[PDB]
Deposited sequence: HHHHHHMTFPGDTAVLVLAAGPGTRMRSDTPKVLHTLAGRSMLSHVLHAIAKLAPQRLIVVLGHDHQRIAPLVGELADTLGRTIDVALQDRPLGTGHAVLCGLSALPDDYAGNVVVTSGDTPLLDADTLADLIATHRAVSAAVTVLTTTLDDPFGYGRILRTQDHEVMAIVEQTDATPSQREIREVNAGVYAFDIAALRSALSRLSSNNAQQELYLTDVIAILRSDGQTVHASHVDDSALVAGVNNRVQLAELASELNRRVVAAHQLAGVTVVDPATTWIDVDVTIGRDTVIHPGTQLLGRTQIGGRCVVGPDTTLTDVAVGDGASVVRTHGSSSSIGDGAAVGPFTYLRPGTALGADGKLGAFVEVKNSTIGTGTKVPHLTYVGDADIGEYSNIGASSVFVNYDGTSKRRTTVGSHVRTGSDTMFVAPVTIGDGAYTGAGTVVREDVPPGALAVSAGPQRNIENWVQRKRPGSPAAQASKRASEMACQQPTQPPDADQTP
């Protein structure tokens, strides 16, 4: 059997945040969600998330995530901030006393930890018949991490916390990832022998290593060369360095699968985003949420799309949009705002300084300049003049030509093939094939300027 505990109990005081550390997000999931998704793929028999401060704020999101992953996720509360050693103990109490499996310990602030790393850890753990196996790695800057101590003979002695290391030890660049596999009897038995005489006056989980080494138990360290996989987040400088490392990888994966990305460093792609072959993404682009881009698209510089669906061969340039759909071969931008519920048919055009909200717009229809469309349904191959406003429901037919400077005052229906004169205010329905007008006739006042 195997059980995974997720240590999400700490305060994250160095985040300086009213929002709990473990719910800050990157690439579209919270850290906690990234950690849980990864574990879920490995499918251990039990899964326990230990919470402490802010638990009423984190618990409901653990339950939300248990439904999305379709499995039970238990929650063990930690009453006293008595250390991580104490947190494992709290977590074990959600396990039956008779429990015979392996226990794997993990935190929830390690968002790039993946299912293979855990697998390699369990496999290695079982292969060497070890009481405790710990993931290590080595870093340029090892600040804030337990250091790994070994004999002459390379044997793992102990783990010394940052607050507790001599200056001489603070130099050690092998670090404790804080990801372990334990034999359960050995874990139970060393947790009892933890004392809190140390710099933080806590029960260090990391003391368990020296303890089992004392009983002449087998202690294994498994070095992870790709340090990003087990990097943790304590503050916002680390949050962003890893949001950025994860972004590099998402982008590179899209590039190898056929997407041209002009500039990876300023192209942000959330984990659920799909993009078709031979589309080009220009720089300053964020593809967020469940956004889908077809193939042979152009996604223009300085574009932001959240939960937008874009068909094949469409261009979406300098566009700020969400919760909207854009058809094949359609043209959006530059300087275009899509609010929730915009659907633009195939071959359609929303141009410069156009805003659409909750509007359905038919195949091949063009709204190219300076106009607001909201709460409107517009038919096919229609053309909406510059400088207009759908004054919010309105329905507009197919093959319509509305003139510049038309205000459609909802609710109003414009019939197939109708026209509107420049500067018309439409307050009553327009029959198919009629010209609606309201502008007064021009009058020239000669020599007005000499006089005034």
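In sequence order, the gaps in C-alpha coverage of the deposited chain fall at 1 to 11, 404 to 410, 471 to 501.
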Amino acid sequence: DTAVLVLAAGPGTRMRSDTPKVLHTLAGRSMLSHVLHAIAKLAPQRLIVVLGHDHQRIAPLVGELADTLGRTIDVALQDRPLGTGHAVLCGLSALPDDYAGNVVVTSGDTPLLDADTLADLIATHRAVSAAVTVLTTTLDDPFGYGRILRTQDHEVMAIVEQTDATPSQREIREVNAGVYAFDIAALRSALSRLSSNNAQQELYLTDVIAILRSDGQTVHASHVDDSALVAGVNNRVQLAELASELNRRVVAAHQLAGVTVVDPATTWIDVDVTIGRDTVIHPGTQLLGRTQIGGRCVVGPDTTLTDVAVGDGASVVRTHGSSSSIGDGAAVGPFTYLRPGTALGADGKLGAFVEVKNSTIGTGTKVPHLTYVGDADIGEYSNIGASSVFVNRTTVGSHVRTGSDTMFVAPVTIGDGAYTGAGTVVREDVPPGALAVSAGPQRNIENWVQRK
From here on, numbers count along this sequence of modelled residues.
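In this text, rigid core is short for the largest set of C-alphas that superpose within 1.5 Å between two forms.
In a rigid core superposition of the other structures in 7 other deposited structures of this protein, 168 to 176 and 359 to 367 differ in how far their CA atoms stray, and the farther one is 168 to 176. Comparing 214 to 222 with 79 to 87 in 7 other deposited structures of this protein, after superposition on the rigid core, the stretch with the greater RMS C-alpha deviation is 79 to 87. Averaged over CA atoms, B-factors in the entry run higher in 161 to 169 than in the other of 161 to 169 and 259 to 267. Looking at 194 to 202 and 298 to 306 together, the entry lists the larger mean B-factor for 194 to 202, computed on C-alpha atoms. When the C-alpha B factors of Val179, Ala331, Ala343, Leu149 are read from the deposited coordinates, the top value falls at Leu149. Which of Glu245, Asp74, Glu355, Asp312 has the largest Cα B-factor in the deposited entry comes down to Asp74. The PDB entry assigns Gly421 a C-alpha temperature factor belonging to the lowest third of its chain's modelled residues.
Sorting the modelled residues of the chain by their CA temperature factor places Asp375 in the lowest third. Among all modelled residues in this chain, the alpha-carbon of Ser227 has a temperature factor (C-alpha) in the middle third. Sorting the modelled residues of the chain by their CA temperature factor places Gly397 in the middle third. Per the deposited record, the Cα B-factor of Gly364 falls in the lowest third when ranked against the other modelled residues of its chain.
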